[PDB]
Protein chains: 2
Amino acid sequence: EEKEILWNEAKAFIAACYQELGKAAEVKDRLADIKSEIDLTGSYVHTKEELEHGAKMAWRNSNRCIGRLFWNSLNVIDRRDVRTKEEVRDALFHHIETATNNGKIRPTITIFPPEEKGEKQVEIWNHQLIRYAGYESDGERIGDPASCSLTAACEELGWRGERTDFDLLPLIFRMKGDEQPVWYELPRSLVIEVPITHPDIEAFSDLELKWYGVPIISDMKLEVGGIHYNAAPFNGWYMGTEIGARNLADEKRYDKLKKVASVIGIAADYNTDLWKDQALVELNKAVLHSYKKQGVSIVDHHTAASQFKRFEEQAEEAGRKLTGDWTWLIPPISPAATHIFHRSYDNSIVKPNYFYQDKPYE
Amino acid sequence: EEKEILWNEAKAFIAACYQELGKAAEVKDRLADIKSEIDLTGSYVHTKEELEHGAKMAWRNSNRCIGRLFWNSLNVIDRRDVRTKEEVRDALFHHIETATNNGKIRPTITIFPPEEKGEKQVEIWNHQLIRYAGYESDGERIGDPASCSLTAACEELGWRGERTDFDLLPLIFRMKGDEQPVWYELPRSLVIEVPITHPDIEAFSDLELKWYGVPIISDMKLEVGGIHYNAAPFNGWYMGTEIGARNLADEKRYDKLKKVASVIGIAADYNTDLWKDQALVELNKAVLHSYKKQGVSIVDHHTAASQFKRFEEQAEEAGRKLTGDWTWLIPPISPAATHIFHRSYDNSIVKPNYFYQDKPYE
Ligand code: HEM
Ligand code: HEM
Ligand SMILES: CNCCN(C)c1cccc(CCc2cc(C)cc(N)n2)c1
Ligand SMILES: CNCCN(C)c1cccc(CCc2cc(C)cc(N)n2)c1
Ligand SMILES: C[C@H](O)[C@H](O)[C@H]1CNc2nc(N)[nH]c(=O)c2N1
Ligand SMILES: C[C@H](O)[C@H](O)[C@H]1CNc2nc(N)[nH]c(=O)c2N1
Ligand SMILES: [Cl-]
Ligand SMILES: [Cl-]
């Protein structure tokens, strides 16, 4: 049944890929080649062109992503050649460096060797390459609660965090044939961070808030034509609300709204004062202003939505069906001020795509 | 097929209704009574108890409603006795008066005679009993664009609006056996309106914004045990965002955000200033403050969400399945600050319920 799923997905992908690349004539011969290769080997190997466009298609098909207008400019790094943990480590370091690009962020994906018999060659434990640790000791909460389980797992393995609110987790990944993952401390010179200040409220710095420049999702599986690239970290730049309305705002994340309200000089006593809404807006203005002042790429939700509208138009013009997840596409602040809120989207799953996979910790 | 649908819905409703009312023993005899009555007459007549609880159940099952915690205190007015347009008119006037209750708003439904052969006895044209007219003449826009078609239909029938931005539409409804609807101007003494001022920004009054006190939906069909009450207007009190984030804010409604930005003294030039978000918050604070200052009931979205959480808990405790429409339940500002945003809801349709029906204009 497995070779049949593989052959079916391969047929669907190669036809669509080569059609998009103006290479429809080469489909019959390549499919034959793949057909023999699956028979003989149990799998097949993508060409560099196929892998690159496949990763691009996968981004284009990501229903929950508002940033898809730029799917075709994704920078794809082919690291199917890696065999050692030093090489994985250095590829991860390189990804951070090149994607960060001194603040002028480049959407980038690094692709590691894929699963064979469903056997992972490389298994990345981080949720993002750059993320903050989280601790809970006797009701004492430090750092990012969403990182609590991974942080605990790292500390099993001999890492120890300084227990600041912004400890950088180390990189942590397991190689095929190893029972335990290894971990490496991130070089601080690789990691851009942005202190959060407000454009007119000087007291905002008293909060001592900061966030990292580049969100690099590293625990999703990329699927292209039946090949499972379980290890394929990717990044864009942030939309400001991700940091301002969620990471810093959620009660189960950093939970900063009461402290924001205090420094901006409003009471946090009555629901009818809409103090949470006012604090959300100021904190979100602060995030945007801070990233821009530092020369680190970021987009606001209004501009992002305008871009997504162009993606929608672009899709219809190319004759492609559009898919989307309305519940993830709407921004978590002023969603009704975007066009997204006022239409609906087909949430069908089209491949290639990025998919969740099980945590090896927890 | 129709008598079978009716008998099936009747069986489902009577069992559930009498079960809730502790009257399970009376189910067999009442079902027999209904069974004979459908056979003989082609329909059946609800008891006052059945109608009241049915309307309450219908509210409880309304997936899109955040205000359902108070389903059981709905004030049900039985007007199945009306036969003339004067009686319909006076029942509508009375509904406005009693629901308004000097500002201390009572959730109320008035139930008119139901469809017979799918033949309406009374057909209400208004979307809400109290709503503002809308005009578009040569790119000139006045009033509420959502009312444009109904306004045009009224003006066919000899009504003429003053072409203020806040003309009250007249009541308009058609009686069975009449080819045209009649219309009646609303007595201003029946209609509470609230001028929009801001708690600290005195200039906000320069916008000359106002809204009506009581939203009375009058174009939905109430369905109870197979009986179609196509004419059954109902009301609650407003959640502030309905007015502040939608009615006054949407580009295709009153579109006031640029003018809000100006009076609150911020520029409306750059998306990264989040001026739309800041204006939304201030306008929404203004709406809440204005209703409260006048003694007209209203709820903010935070309190409403807290109440809805109690509805959820209340449902589980009573052993009832909960249904909801996540996309309508989340408020259009700071949705991620409510618990609603962070869970999911089963959007199944359970009856009794309120349903859309076709506009007789358009
Ligand atoms: C270029 C800048 C980008 C922006 C501004 C952007 C924006 C977003 C946002 C706001 C989300 C919602 C995430 C959340 O609420 O947690 C998202 C989800 C997502 N984005 Fe993008 N994105 C960008 C680039 C990319 C790239 C380069 C990829 C992959 C090649 C990608 C794939 C995804 C996926 C898979 C999700 C859903 C993840 C999940 O289900 O948890 N995006 N994007
Ligand atoms: C008591 C105060 C109430 C509040 C604060 C409230 C709140 C809301 C809100 C905010 C909506 C969304 C509407 C929109 O965005 O256009 C809504 C929808 C709805 N509410 Fe309520 N509601 C209340 C009372 C009632 C009552 C008394 C009924 C009926 C007996 C009702 C039935 C509904 C229905 C049917 C909808 C959906 C209408 C549609 O699909 O267009 N609600 N409610
Ligand atoms: C509710 N828990 C959500 C955790 N998940 C699944 C999650 C957490 C953080 C971030 C994401 C995707 C965010 C993202 C990814 C990329 C490439 C760019 C961007 N701007 N945001 C997803
Ligand atoms: C997108 N067009 C939406 C028009 N609809 C369907 C609409 C328009 C206005 C109002 C509603 C329901 C609003 C409502 C009803 C009641 C009883 C109370 C309340 N607070 N809100 C629904
Ligand atoms: C098509 C889309 O779902 C539509 O804009 C919905 C979104 N959720 C909503 N929610 C509420 N409360 N009111 C609305 O009118 C809408 N519109
Ligand atoms: C269960 C519920 O759908 C969940 O809270 C979703 C809502 N939409 C979202 N949208 C974004 N962008 N990010 C999220 O984490 C979520 N969470
Ligand atoms: Cl993030
Ligand atoms: Cl309304």
# chains A, B, ... in the order shown; residues from 1 in each chain; ligands from 1
call {"tool": "residues_near_ligand", "arguments": {"ligand": "ligand 2", "cutoff": "7 Å", "atoms": "only C-alpha atoms and all ligand atoms", "output": "list in words"}}
result
residues 55, 56, 58, 59, 62, 64, 65, 66, 67, 68, 70, 74, 107, 108, 109, 234, 235, 236, 237, 238, 239, 242, 299, 304, 328, 329 and 354 of chain B
call {"tool": "residues_near_ligand", "arguments": {"ligand": "ligand 5", "cutoff": "10 Å", "atoms": "only C-alpha atoms and all ligand atoms", "output": "PyMOL selection string"}}
result
(chain A and resi 326-327+330+335-336+338-345) or (chain B and resi 64-66+239+241-242+246-247+325-332)
call {"tool": "closest_residue", "arguments": {"among": "A:42, A:240, A:360, A:295", "to": "ligand 7", "atoms": "only C-alpha atoms and all ligand atoms"}}
result
A:240
call {"tool": "select_by_dssp", "arguments": {"residues": "range 49-114 of chain A", "states": "alpha helix (DSSP H)", "output": "number ranges by chain"}}
result
A: 49-60, 85-100
call {"tool": "write_last_selection", "arguments": {"atoms": "N, CA, C and O atoms", "output": "compact mmCIF listing (two decimals), in the first residue's frame"}}
result
# COMPACT_ATOMS: atom_id res chain seq x y z
N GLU A 49 15.34 21.11 -9.00
CA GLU A 49 14.25 21.93 -9.50
C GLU A 49 12.92 21.51 -8.86
O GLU A 49 12.12 22.35 -8.45
N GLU A 50 12.70 20.20 -8.78
CA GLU A 50 11.48 19.67 -8.19
C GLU A 50 11.37 20.02 -6.71
O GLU A 50 10.31 20.40 -6.23
N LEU A 51 12.48 19.89 -5.99
CA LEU A 51 12.48 20.16 -4.56
C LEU A 51 12.16 21.62 -4.29
O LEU A 51 11.31 21.92 -3.46
N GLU A 52 12.83 22.51 -5.00
CA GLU A 52 12.62 23.95 -4.86
C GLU A 52 11.17 24.36 -5.14
O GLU A 52 10.55 25.05 -4.34
N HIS A 53 10.63 23.95 -6.29
CA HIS A 53 9.27 24.32 -6.62
C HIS A 53 8.27 23.65 -5.69
O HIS A 53 7.26 24.26 -5.32
N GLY A 54 8.56 22.42 -5.29
CA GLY A 54 7.75 21.70 -4.30
C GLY A 54 7.62 22.44 -2.98
O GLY A 54 6.53 22.53 -2.43
N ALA A 55 8.73 22.98 -2.48
CA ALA A 55 8.71 23.75 -1.23
C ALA A 55 7.92 25.04 -1.43
O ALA A 55 7.24 25.52 -0.52
N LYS A 56 8.02 25.60 -2.63
CA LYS A 56 7.29 26.81 -2.95
C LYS A 56 5.79 26.51 -3.02
O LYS A 56 4.99 27.25 -2.45
N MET A 57 5.43 25.42 -3.70
CA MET A 57 4.03 25.01 -3.79
C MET A 57 3.46 24.75 -2.40
O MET A 57 2.31 25.08 -2.10
N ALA A 58 4.28 24.16 -1.54
CA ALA A 58 3.83 23.82 -0.20
C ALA A 58 3.44 25.07 0.57
O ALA A 58 2.44 25.08 1.28
N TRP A 59 4.23 26.14 0.41
CA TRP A 59 3.92 27.40 1.08
C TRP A 59 2.64 28.00 0.50
O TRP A 59 1.78 28.51 1.24
N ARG A 60 2.50 27.92 -0.82
CA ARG A 60 1.34 28.45 -1.52
C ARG A 60 0.05 27.78 -1.05
O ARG A 60 -1.01 28.40 -1.06
N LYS A 85 25.99 15.16 12.80
CA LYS A 85 25.35 16.16 13.65
C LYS A 85 26.07 17.52 13.58
O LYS A 85 25.44 18.57 13.71
N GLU A 86 27.38 17.49 13.33
CA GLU A 86 28.11 18.72 13.07
C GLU A 86 27.58 19.42 11.82
O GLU A 86 27.46 20.65 11.78
N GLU A 87 27.28 18.64 10.78
CA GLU A 87 26.75 19.22 9.54
C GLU A 87 25.32 19.74 9.71
O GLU A 87 24.95 20.75 9.11
N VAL A 88 24.50 19.03 10.48
CA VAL A 88 23.16 19.52 10.76
C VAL A 88 23.28 20.82 11.54
O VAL A 88 22.63 21.81 11.19
N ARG A 89 24.13 20.82 12.56
CA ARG A 89 24.30 22.00 13.40
C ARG A 89 24.72 23.20 12.57
O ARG A 89 24.14 24.29 12.69
N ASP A 90 25.72 23.02 11.72
CA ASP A 90 26.23 24.12 10.93
C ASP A 90 25.22 24.62 9.90
O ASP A 90 25.17 25.80 9.61
N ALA A 91 24.41 23.70 9.37
CA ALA A 91 23.33 24.05 8.44
C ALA A 91 22.25 24.88 9.14
O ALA A 91 21.65 25.79 8.55
N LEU A 92 21.98 24.56 10.40
CA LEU A 92 21.03 25.32 11.18
C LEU A 92 21.58 26.73 11.50
O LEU A 92 20.87 27.73 11.39
N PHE A 93 22.85 26.79 11.90
CA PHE A 93 23.52 28.07 12.11
C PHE A 93 23.49 28.92 10.85
O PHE A 93 23.22 30.11 10.91
N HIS A 94 23.82 28.30 9.73
CA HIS A 94 23.82 29.01 8.45
C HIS A 94 22.42 29.52 8.09
O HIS A 94 22.27 30.66 7.63
N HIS A 95 21.41 28.69 8.30
CA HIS A 95 20.04 29.11 8.04
C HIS A 95 19.69 30.37 8.82
O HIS A 95 19.18 31.33 8.25
N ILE A 96 19.97 30.37 10.12
CA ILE A 96 19.75 31.57 10.92
C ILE A 96 20.46 32.79 10.33
O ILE A 96 19.85 33.86 10.18
N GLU A 97 21.73 32.63 9.98
CA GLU A 97 22.52 33.76 9.50
C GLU A 97 21.98 34.31 8.18
O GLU A 97 21.78 35.52 8.04
N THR A 98 21.74 33.44 7.21
CA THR A 98 21.37 33.90 5.88
C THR A 98 19.93 34.41 5.84
O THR A 98 19.62 35.35 5.10
N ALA A 99 19.06 33.82 6.65
CA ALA A 99 17.67 34.25 6.69
C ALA A 99 17.58 35.59 7.39
O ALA A 99 16.80 36.45 6.99
N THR A 100 18.39 35.78 8.43
CA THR A 100 18.39 37.04 9.18
C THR A 100 18.90 38.18 8.30
O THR A 100 18.31 39.28 8.26
call {"tool": "interface_residues", "arguments": {"of": "chain A", "to": "chain B", "cutoff": "9 Å", "atoms": "only C-alpha atoms", "output": "PyMOL selection string"}}
result
chain A and resi 245-246+249-251+271-274+276-278+280-282+284-285+288-289+299-303+326-327+332-337+341
call {"tool": "residues_around", "arguments": {"residues": "range 119-135 of chain B", "least_positions_apart": "4", "cutoff": "6 Å", "atoms": "only C-alpha atoms", "output": "PyMOL selection string"}}
result
chain B and resi 115+141-145+147-148+151+166-169+172-176+216-219
call {"tool": "residues_around", "arguments": {"residues": "residue 260 in chain B", "least_positions_apart": "6", "cutoff": "8 Å", "atoms": "only C-alpha atoms", "output": "VMD selection string"}}
result
chain B and resid 204 207 279 283
call {"tool": "write_last_selection", "arguments": {"atoms": "C-alpha atoms", "output": "PDB file, in the first residue's frame"}}
result
ATOM      1  CA  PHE B 204     -15.924  63.479  19.785  1.00  0.00           C
ATOM      2  CA  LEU B 207     -18.925  63.791  14.784  1.00  0.00           C
ATOM      3  CA  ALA B 279      -9.794  54.630  16.380  1.00  0.00           C
ATOM      4  CA  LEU B 283     -15.059  54.687  19.188  1.00  0.00           C
TER       5      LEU B 283
END
call {"tool": "closest_residue", "arguments": {"among": "A:162, A:27, A:243, A:183", "to": "ligand 6", "atoms": "only C-alpha atoms and all ligand atoms"}}
result
A:243
call {"tool": "atom_distance", "arguments": {"atom1": "CA of residue 116 in chain A", "atom2": "CA of residue 30 in chain A"}}
result
20.9 Å
call {"tool": "closest_residue", "arguments": {"among": "A:192, A:15, A:232, A:264", "to": "ligand 3", "atoms": "only C-alpha atoms and all ligand atoms"}}
result
A:232
call {"tool": "closest_residue", "arguments": {"among": "B:36, B:294, B:137, B:75", "to": "residue 196 in chain B", "atoms": "only C-alpha atoms"}}
result
B:294
call {"tool": "select_by_dssp", "arguments": {"residues": "range 23-250 of chain B", "states": "strand (DSSP E or B)", "output": "PyMOL selection string"}}
result
chain B and resi 75-78+108-111+122-124+128+132+134-137+140-143+168+171-175+182-184+193-195+210-212+216-217+221-224+227-229+234-235+238-239
call {"tool": "closest_residue", "arguments": {"among": "A:47, A:262, A:149, A:306", "to": "residue 201 in chain A", "atoms": "only C-alpha atoms"}}
result
A:262
call {"tool": "residues_around", "arguments": {"residues": "residue 156 in chain B", "least_positions_apart": "6", "cutoff": "12 Å", "atoms": "only C-alpha atoms", "output": "PyMOL selection string"}}
result
chain B and resi 149-150+180-183+361
